[PDB]
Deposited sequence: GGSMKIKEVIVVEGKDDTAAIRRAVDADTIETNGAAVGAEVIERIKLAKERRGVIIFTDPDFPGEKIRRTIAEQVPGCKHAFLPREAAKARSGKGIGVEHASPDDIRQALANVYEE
């Protein structure tokens, strides 16, 4: 239902996201993003756009950085300051409500 595909690290992130919103996701399987995942993310960005939604720790920002610099034009969702896998439904909604679109 959410237009953009949401890029996350793994299944616990997807599950947590689908407990709050209806969204299609792409899972990176850790911080090692192979080009096969990139080409999925690429197709998704041009057909529907992509929201990157990873943790605010060192692994998660490294994942976010790696993708964004290979796929320009991704949007970014950030957990409210108060991991995605354990994020409350309201945290997920807030994260997605506040995506900047530029």
Gaps relative to the deposited sequence fall at 1-4, 87-96
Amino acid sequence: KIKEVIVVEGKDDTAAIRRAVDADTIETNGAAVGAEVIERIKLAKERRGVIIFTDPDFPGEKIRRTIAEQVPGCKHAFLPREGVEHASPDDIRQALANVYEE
From here on, numbers count along this sequence of modelled residues.
26-34 or 43-51, whichever carries the higher mean Cα B-factor = 26-34
Lowest, middle or highest third: where is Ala68 by Cα B-factor in its chain?
-> highest
Thinking about Cα B factors across the chain, which third does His86 belong to?
-> middle
